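Structure 1 and structure 2 below are the same protein chain in two forms, each given by itself as structure tokens.
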Structure 1
């Protein structure tokens, strides 16, 4: 049983495991760098958790940040052929929750939206929360509630498995007013 240091020991991590069992700790390890949480898979910054807020303050100034624990995100122009994602930050409970709406294109000539929120915080910190996403309309409500993913884990593997609010364009137009979609976001503790 010959032991190896974790890949991220050069960041402070002091664990040593057998060459096989690296996988587990190696991507649960808190010393793993955080990738830029923006749904834009085009900004490939990395760095430490404390640095994430700086990096968005600096390189993603166009992100609207919202009041408190129950807000309404107005995603504008969801039917624009060019529009592909909306993003914004919600400040409550002394944390920040990044809300991202990703438009993707599948079988139809149409698109599906995916909506999910992540916590600016650890995997452990994120389990103490839940979030709810509401699309509201005339005698209609589509709701999704789940546990926000930590930015450490990311949303890509959750988008992949539809583990978030999921809708296509005809659902959008049911709830879209003009070309804008109002998404009620509620964060809570648990």
Structure 2
């Protein structure tokens, strides 16, 4: 038996080595980290402190209001490890929209697009999101339940549990070097 990493935050669970990694990802006593990806903010705090932190320390992150929006990522053929981030406001919540370009597999630059709720895991379960890329007679769609920012996105990226494509695919969908991602959030 081993204690959870977040024991010092008030977590009581002791588990064997094999059950430890799964619990801590989903543990409630996990700190809410600055949800903006991926370097180099090291801020942590409570859920109610997240939106003010973004507003005070990440002023260039824009918000669009609506359930049905276009997240237009500019200059997607910019080389290397890039992030695009915006927030979407609907249903009384803010959602973090992230497009990340990273060399997850060696020699293969890929894009990962994912939505997170600024709120709890329990709250996140009432939502669904759709990410849709549109091209000339082409459409690529991903639909899932948004991750709570509590969980982060590193695990979903590693598991490809989000929309995954690459620079090859992106060319079908890009217009003037930009990528329009249709993001629809709905309740279930």
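We call the rigid core whatever largest set of C-alpha positions still superposes within 1.5 Å between the two forms. Residue numbers count along the first chain shown, from 1.
Look at the two-part rigid motion between structures 1 and 2: residue 141 goes along with residue 48.
As a two-part rigid-body motion between structures 1 and 2, the smaller part of the chain turns against the larger by 27°, taken from C-alpha fits. Core superposition places the C-alpha of residue 81 1.7 Å apart between structures 1 and 2.
When the core is overlaid, the C-alpha of residue 41 ends up 3.1 Å from its other position between structures 1 and 2. Here the rigid core is superposed, and residue 20 then shows its C-alpha moved by 11.1 angstrom between structures 1 and 2.
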